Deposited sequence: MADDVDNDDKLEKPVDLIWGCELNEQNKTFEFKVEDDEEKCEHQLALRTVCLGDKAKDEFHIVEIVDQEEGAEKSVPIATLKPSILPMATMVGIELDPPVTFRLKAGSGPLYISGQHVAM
């Protein structure tokens, strides 16, 4: 199944988790802005312990999405909107 989250200013941080192990990874597929996103740089980072790794920088009028290739993560994973108001959408898939 396809997975998605939305990061935005009210909800800057989203923790993806899990009812089974199983060992399934989350493979990122794309990151993309909503069409009422403010016209400013939006930066999405992966958080783990404190270290975060920026992985995408976007801006509506410059670069509104990015294709993610090869990123496979071990749950639990935390995504965070380091900069920007969003909506910023992340998509992915379950992988074995």
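No alpha-carbon coordinates exist for the deposited sequence positions 1-16, 35-37, 69-72, 120, given here in order along the chain.
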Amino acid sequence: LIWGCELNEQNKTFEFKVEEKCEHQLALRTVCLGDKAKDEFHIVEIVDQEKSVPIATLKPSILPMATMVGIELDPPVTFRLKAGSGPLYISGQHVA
From here on, numbers count along this sequence of modelled residues.
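As the entry records it, the average C-alpha temperature factor is higher for 68-76, out of 68-76 and 6-14.
As the entry records it, the average C-alpha temperature factor is higher for 43-51, out of 29-37 and 43-51.
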